[PDB]
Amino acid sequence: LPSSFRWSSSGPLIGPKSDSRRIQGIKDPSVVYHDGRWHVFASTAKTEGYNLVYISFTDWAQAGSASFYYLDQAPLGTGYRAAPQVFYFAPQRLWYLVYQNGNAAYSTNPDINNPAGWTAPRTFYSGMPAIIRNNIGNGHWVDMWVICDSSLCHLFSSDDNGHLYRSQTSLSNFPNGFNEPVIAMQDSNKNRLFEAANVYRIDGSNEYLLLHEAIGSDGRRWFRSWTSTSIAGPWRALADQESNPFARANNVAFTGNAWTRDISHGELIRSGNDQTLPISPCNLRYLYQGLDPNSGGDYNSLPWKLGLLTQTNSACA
């Protein structure tokens, strides 16, 4: 894995349908390739609220024409749900879909190909943990992420107030028994460590990669990166500055025209789909949300669309 990054971005690939729901943004994607298809889960976003959509397609060229399955038709149901993460929890032979609903929540499903199968929400905690209540400021408890190793499962989350939290439980007890979170990382400037963590095992190494979204000096979204030999840290900077970013307008080329100056809430294409959240160190690809740089107004009505970064300084195939 290199210590600097360069990317080539697609145009916008996935946006809202023109249906009566009048969704304004498609957001916060999670993605796996399974049995010959891409499976994308995303937030639907508008002034009126958030829920979740499932999108599947064979080929990236067909992403834009793929049908949506609105997950409020499954037991997962209506109400607020946002920012999904999908993975296969192999010990239970069950797919998990992790998201936020005011708490840290999850659904299960034996078959990712069955969007109607996602369960009504359960929560990982009985309420907001004390350490998060104490330090949230006037932020929001968001962006829930699970990663496991051979003995522990870890649940990360953000507060939009410069704290990354981490709880753990045993692999056998998952999804139950998550302990009181510790602050895994923090910054006194909430903009430097804002939300939307990703945490991955780097194949071929005994290291992990942390990505985290930030709001830069220009007001634009970007990603910082760190690595560690443990999911529990300590984290050391990889590409974590505006002049050496994980992903930002200044290291993102476009084959076409530059349609976004924001590189926001995304996910890397994985090398496998299980609860260890593995990535290859080669040919990194980042599925992310961007938007017209002239967009303004209420945050929830912003016209987010999904695009794909392909690494151009790749170390390997």
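Start at 1 and count along the sequence shown; that's the residue number.
Mean temperature factor over C-alpha atoms, higher-scoring stretch between 204 to 212 and 220 to 228: Mean B over CA atoms: larger for 204 to 212.
Per the PDB record, is the mean Cα temperature factor higher over 167 to 175 or over 69 to 77? In the deposited entry, the stretch with the higher C-alpha B-factor mean is 167 to 175.
Highest CA temperature factor in the entry: which of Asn161, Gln241, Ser107, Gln100? It is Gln241.
Peak C-alpha temperature factor (PDB record), options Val32, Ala63, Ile26, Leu287: Answer for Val32, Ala63, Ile26, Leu287: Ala63, with the highest C-alpha B-factor.
Please place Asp292 in the lowest, middle or highest third of its chain by C-alpha B factor as given in the entry. CA B-factor rank for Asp292: highest third.
Based on the entry's values, in what third of the chain does the Cα temperature factor of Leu52 lie: lowest, middle or highest? Lowest third.
How does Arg261 rank on Cα B-factor within its chain, lowest, middle or highest third? CA B-factor rank for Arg261: highest third.
Considering every modelled residue of the chain and its Cα B-factor in the PDB entry, is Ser271 in the lowest, middle or highest third? Middle third, going by the recorded CA B-factors of the chain.
How does the C-alpha B factor of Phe87 compare with the rest of the chain: lowest, middle or highest third? Lowest third.
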